[PDB]
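Student: Sending over a structure as structure tokens; questions will come in a sec.
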Amino acid sequence: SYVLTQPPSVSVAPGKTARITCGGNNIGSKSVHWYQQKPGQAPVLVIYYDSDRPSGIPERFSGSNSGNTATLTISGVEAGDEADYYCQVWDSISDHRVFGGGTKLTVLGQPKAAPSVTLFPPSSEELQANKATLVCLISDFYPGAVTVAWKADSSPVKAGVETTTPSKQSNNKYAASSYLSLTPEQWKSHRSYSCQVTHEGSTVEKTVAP
Amino acid sequence: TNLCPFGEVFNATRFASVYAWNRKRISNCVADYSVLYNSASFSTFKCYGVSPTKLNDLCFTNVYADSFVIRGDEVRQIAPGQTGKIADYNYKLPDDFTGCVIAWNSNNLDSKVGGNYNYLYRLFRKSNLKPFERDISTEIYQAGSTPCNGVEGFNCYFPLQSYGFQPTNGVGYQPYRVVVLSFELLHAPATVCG
Amino acid sequence: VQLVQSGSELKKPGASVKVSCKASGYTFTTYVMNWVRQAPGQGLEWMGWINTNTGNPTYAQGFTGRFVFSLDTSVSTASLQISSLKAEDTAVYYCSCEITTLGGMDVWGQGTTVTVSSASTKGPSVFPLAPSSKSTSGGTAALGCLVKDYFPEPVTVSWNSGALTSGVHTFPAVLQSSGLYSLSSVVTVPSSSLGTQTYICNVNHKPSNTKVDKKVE
Ligand SMILES: *[C@@H]1O[C@H](CO)[C@@H](O)[C@H](O)[C@H]1NC(C)=O
């Protein structure tokens with residue numbers, strides 16, 4: 001069926017205008033509608049008919065639709081406007097309505113902070129159980145976009161990597177944990193393992209050894 | 001040089017209630033208006049402030065295709081300077097309206113034998129609508145000095161009623177699909193021509 | 001106008017589930033009912049609609065074969081039944097009403113979460129994250145516990161029976177590819193107090209009744 005293309009993440013400063021695009025094959029011919037879903041809540045309609053505003057939405061929200069991209073533009077971006085944004089079209093003949101992929105709007109309303117990394121080697125108790133879990137804890141970072149890479153000596157490994165999605169802490173910064181599940185014979189056949197956290201173009205590597 | 005999506009408004013499978021009318025915004029396309037009026041599928045195709053045949057040779061900054069459903073009796077009210085429950089409380093055209101009103105009977109598509117109550121109009125409101133005002137508020141209408149507080153009863157009624165469309169209704173009591181094409185001006189650059 | 005849906009469901013693969021959507025405030029049969037699906041980490045995906053008048057359901061491509069929109073006009077309630085559940089069916093399901101394609105999807109239920117995991121109830125293992133010179137930074141030392149392999153959520157963790165909350169971080173768990181959960185819980189203290197002061201992490205998994213107190217050397 002029909003296809004709708006949203007940017008997955010958009011970064012805007014507090015107070016400024018954020019612009020989210022909604023691509024589609026000749027979408028200015030149809031009616032687009034925009035929704036705003038805060039985490040854990042049901043979606044809420046902010047703009048229907050390309051541009052028309054429901055009662056209760058602040059005047060800051062205004063839409064656009066022409067050519068092949070609709071454009072949701074938020075005027076005075078506020079701290080509370082961080083949420084996912086989806087664009088939906090209804091097809092006149094198909095009577096199907098189609099949603100987009102979503103867009104996570106992030107307000108740059110907090111200074112950049114680097115992550116604090118703590119790396120634990122496997123416990124001797126877990127090795128007696130014939131298992132091994134390297135534990136890499138990340139934390140106190142903003143924005144909540146980090147990427148983790150595990151290496152054996154100098155050999156990257158993705159086999160056995162399970163990572164959280166970044167989740168905020170009690171202090172408006174984020175926290176994440178990473179688990180590399182290994183065997184005792186792998187853990188001991190290398191000189192060292194390295195957990196490596198990349199955030200905003202900067203890296204913090206911790207290394208442990210048998 | 002893309003063609004306008006007039007087919008998407010006129011040939012849309014489900015239309016809107018008249019109190020909650022649509023505004024498809026038309027922009028950046030070519031429109032063959034003469035294809036629409038020679039269709040001879042409309043019981044009403046009455047413009048104002050412009051000629052239907054001279055329309056092909058013209059341009060506008062924005063074209064607004066408003067579309068809703070009413071009865072045939074009320075089609076007369078989709079005009080400038082009309083009174084009546086539709087003209088006053090649902091959809092009002094300005095006395096300086098400069099577009100076209102198009103209507104055709106929809107009793108085949110928009111009527112169920114047991115009765116189709118999907119379509120609605122606004123029967124109670126404290127004052128007339130401003131031109132191109134859309135009122136979707138479902139607030140209990142207060143008729144007495146005593147307020148309602150969202151509880152129906154005497155002097156406190158739901159502002160909206162339902163059209164009763166049956167295939168055996170009188171032709172005037174039958175559903176008519178309306179499309180209203182509002183045309184603006186230049187000064188600002190144009191995007192819709194023929 | 002109100003839409004209220006059923007509570008959270010848990011099922012094994014191949015089971016069945018039926019989600020309800022009681023309405024109130026308007027005439028149930030006046031307005032179409034719509035179902036939308038949102039899987040973890042994805043976006044809203046339209047499922048289809050059932051005409052609350054004729055009963056005719058429309059299933060978009062991708063939800064045909066195993067889903068059943070039904071109604072119960074008597075209680076003003078629509079229902080969603082899923083047969084032969086799959087792991088990929090795990091999502092939050094919403095019932096939403098279109099007034100028209102105008103205010104289309106203008107009222108939504110609070111959502112019903114549906115999890116399809118072949119996992120059975122299980123209690124966790126607690127492995128010590130001991131302090132050494134790899135966890136010592138200046139005058140602080142980091143240690144903790146690894147609450148490995150447990151199902152289902154949640155698990156409460158505390159230190160020294162609550163007498164140690166300063167410097168504590170309990171992290172969000174991971175659902176591992178096995179379908180079992182695994183979190184860690186840590187605290188930093190002065191490395192001056194590693195030998196004298198003792199550290200025990202409290203582990204409570206109430207769905208399985210596992211209470212385990214673990215010292216860390
Ligand atoms: C509606 O569909 C018919 C059948 O294809 C077509 O002849 C007519 O031109 C269409 N109307 C518009 C406004 O495109």
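Residues in the structure tokens are named by chain (A, B, ... in the order shown) and by number from 1 within that chain; ligands are numbered from 1 in the order shown.
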Would you mind listing, as a PDB file with N, CA, C and O atoms, in the first residue's frame, all residues of chain A that have at least one atom within 7 Å of chain B, where only C-alpha atoms are what counts?

Tutor:
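Dumped to selection10.pdb:
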```
ATOM      1  N   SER A  29      -1.821  16.288  -2.774  1.00  0.00           N
ATOM      2  CA  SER A  29      -3.145  16.014  -3.309  1.00  0.00           C
ATOM      3  C   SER A  29      -4.103  15.470  -2.260  1.00  0.00           C
ATOM      4  O   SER A  29      -5.320  15.552  -2.456  1.00  0.00           O
ATOM      5  N   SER A  31      -5.180  14.823   2.131  1.00  0.00           N
ATOM      6  CA  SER A  31      -5.205  15.498   3.422  1.00  0.00           C
ATOM      7  C   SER A  31      -4.276  14.777   4.389  1.00  0.00           C
ATOM      8  O   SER A  31      -4.370  13.558   4.559  1.00  0.00           O
ATOM      9  N   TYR A  49      -6.387  18.224   8.395  1.00  0.00           N
ATOM     10  CA  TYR A  49      -6.496  18.950   7.133  1.00  0.00           C
ATOM     11  C   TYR A  49      -5.312  19.876   6.910  1.00  0.00           C
ATOM     12  O   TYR A  49      -5.426  21.103   6.904  1.00  0.00           O
ATOM     13  N   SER A  66       1.980  20.161   0.421  1.00  0.00           N
ATOM     14  CA  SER A  66       1.976  20.415  -1.010  1.00  0.00           C
ATOM     15  C   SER A  66       3.094  19.601  -1.646  1.00  0.00           C
ATOM     16  O   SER A  66       4.053  19.202  -0.979  1.00  0.00           O
ATOM     17  N   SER A  92      -8.733   8.294  -0.320  1.00  0.00           N
ATOM     18  CA  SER A  92     -10.140   8.506  -0.645  1.00  0.00           C
ATOM     19  C   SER A  92     -10.778   7.253  -1.225  1.00  0.00           C
ATOM     20  O   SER A  92     -11.847   6.830  -0.775  1.00  0.00           O
ATOM     21  N   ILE A  93     -10.136   6.641  -2.219  1.00  0.00           N
ATOM     22  CA  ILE A  93     -10.716   5.455  -2.845  1.00  0.00           C
ATOM     23  C   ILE A  93     -10.453   4.207  -2.006  1.00  0.00           C
ATOM     24  O   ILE A  93     -11.352   3.383  -1.802  1.00  0.00           O
TER      25      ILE A  93
END
```

Student: Compute the set of chain C residues within 6 Å of chain A, using only C-alpha atoms, and express it as an NGL selection string.

Tutor: :C and (43 or 45 or 110 or 174)

Student: Just to be explicit: take each residue in the selection above, keep C-alpha atoms, and write the result as a PDB file, in the first residue's frame.

Tutor:
```pdb
ATOM      1  CA  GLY C  43       5.541   3.526  14.828  1.00  0.00           C
ATOM      2  CA  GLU C  45       0.509   1.067  11.974  1.00  0.00           C
ATOM      3  CA  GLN C 110      -5.774   4.172  26.836  1.00  0.00           C
ATOM      4  CA  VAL C 174      17.292  -5.892  29.411  1.00  0.00           C
TER       5      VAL C 174
END
```

Student: Quick one: residues within 6 Å of region 58-70 of chain C, only C-alpha atoms counted, chain neighbours fewer than 6 positions away excluded, as a VMD selection string?

Tutor: chain C and resid 47 to 49 78 to 83

Student: Using only C-alpha atoms, which residues of chain B come within 12 Å of chain C, and what is the closest atom pair for each, with the distance in Å to one decimal? Give it as a Markdown table, sorted by chain and residue number.

Tutor:
```
| residue | atom | partner | partner_atom | distance |
| --- | --- | --- | --- | --- |
| B:12 | CA | C:101 | CA | 10.5 |
| B:13 | CA | C:101 | CA | 10.4 |
| B:14 | CA | C:100 | CA | 7.9 |
| B:15 | CA | C:100 | CA | 7.7 |
| B:16 | CA | C:100 | CA | 6.3 |
| B:17 | CA | C:100 | CA | 8.1 |
| B:18 | CA | C:100 | CA | 11.5 |
| B:19 | CA | C:102 | CA | 11.6 |
| B:20 | CA | C:102 | CA | 7.8 |
| B:21 | CA | C:102 | CA | 8.0 |
| B:22 | CA | C:102 | CA | 6.7 |
| B:23 | CA | C:102 | CA | 9.3 |
| B:24 | CA | C:102 | CA | 10.1 |
| B:66 | CA | C:102 | CA | 11.9 |
| B:67 | CA | C:102 | CA | 11.1 |
| B:68 | CA | C:102 | CA | 11.0 |
| B:112 | CA | C:54 | CA | 9.7 |
| B:113 | CA | C:54 | CA | 11.2 |
| B:114 | CA | C:53 | CA | 9.9 |
| B:115 | CA | C:53 | CA | 10.1 |
| B:116 | CA | C:30 | CA | 8.5 |
| B:117 | CA | C:30 | CA | 6.5 |
| B:118 | CA | C:30 | CA | 5.3 |
| B:119 | CA | C:30 | CA | 8.7 |
| B:120 | CA | C:30 | CA | 10.2 |
| B:134 | CA | C:102 | CA | 11.9 |
| B:136 | CA | C:103 | CA | 9.7 |
| B:138 | CA | C:1 | CA | 10.0 |
| B:139 | CA | C:1 | CA | 11.7 |
| B:150 | CA | C:25 | CA | 10.7 |
| B:151 | CA | C:25 | CA | 11.3 |
| B:152 | CA | C:25 | CA | 11.9 |
| B:158 | CA | C:26 | CA | 10.8 |
| B:160 | CA | C:26 | CA | 11.4 |
| B:162 | CA | C:30 | CA | 10.0 |
| B:163 | CA | C:30 | CA | 11.8 |
```

Student: If we count only C-alpha atoms and set the cut-off at 12 Å, which residues sit around residue 111 (chain B), ignoring sequence neighbours fewer than 6 positions away in its own chain? Please answer as an MDAnalysis selection string.

Tutor: chainID B and resid 14 69 71 105 117:119 163:169 173:176

Student: Please dump the current selection as a PDB file, in the first residue's frame; keep C-alpha atoms.

Tutor:
```pdb
ATOM      1  CA  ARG B  14     -17.379   9.187   2.603  1.00  0.00           C
ATOM      2  CA  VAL B  69     -23.738  16.659   3.073  1.00  0.00           C
ATOM      3  CA  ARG B  71     -30.693  17.727   2.285  1.00  0.00           C
ATOM      4  CA  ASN B 105     -28.205  13.896  -5.207  1.00  0.00           C
ATOM      5  CA  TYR B 117     -27.834   8.544  11.110  1.00  0.00           C
ATOM      6  CA  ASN B 118     -24.122   9.044  10.402  1.00  0.00           C
ATOM      7  CA  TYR B 119     -24.632  12.559   9.014  1.00  0.00           C
ATOM      8  CA  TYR B 163     -30.354  13.726   9.447  1.00  0.00           C
ATOM      9  CA  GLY B 164     -32.790  10.892   8.833  1.00  0.00           C
ATOM     10  CA  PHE B 165     -31.946   9.738   5.312  1.00  0.00           C
ATOM     11  CA  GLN B 166     -34.075   6.929   3.932  1.00  0.00           C
ATOM     12  CA  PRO B 167     -34.371   5.937   0.249  1.00  0.00           C
ATOM     13  CA  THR B 168     -38.133   6.497   0.600  1.00  0.00           C
ATOM     14  CA  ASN B 169     -37.749  10.073   1.879  1.00  0.00           C
ATOM     15  CA  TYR B 173     -35.626  15.114   2.392  1.00  0.00           C
ATOM     16  CA  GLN B 174     -32.924  13.197   0.427  1.00  0.00           C
ATOM     17  CA  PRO B 175     -29.153  13.674   0.785  1.00  0.00           C
ATOM     18  CA  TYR B 176     -27.278  16.019  -1.553  1.00  0.00           C
TER      19      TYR B 176
END
```

Student: Kindly give the distance, in Å, that separates CA of residue 148 (chain A) and CA of residue 113 (chain C), rounded to a single decimal.

Tutor: 29.5 Å

Student: Quick one: everything within 10 Å of region 196-208 of chain C, counting only C-alpha atoms, minus sequence neighbours fewer than 6 positions away in the same chain. Send it as a PyMOL selection string.

Tutor: chain C and resi 121-126+128+143-147+150-162+164+185-187+189-190+214-217

Student: Just list as a PyMOL selection string whatever in region 59-152 of chain A DSSP marks as helix (DSSP H, G or I).

Tutor: chain A and resi 79-81+124-128
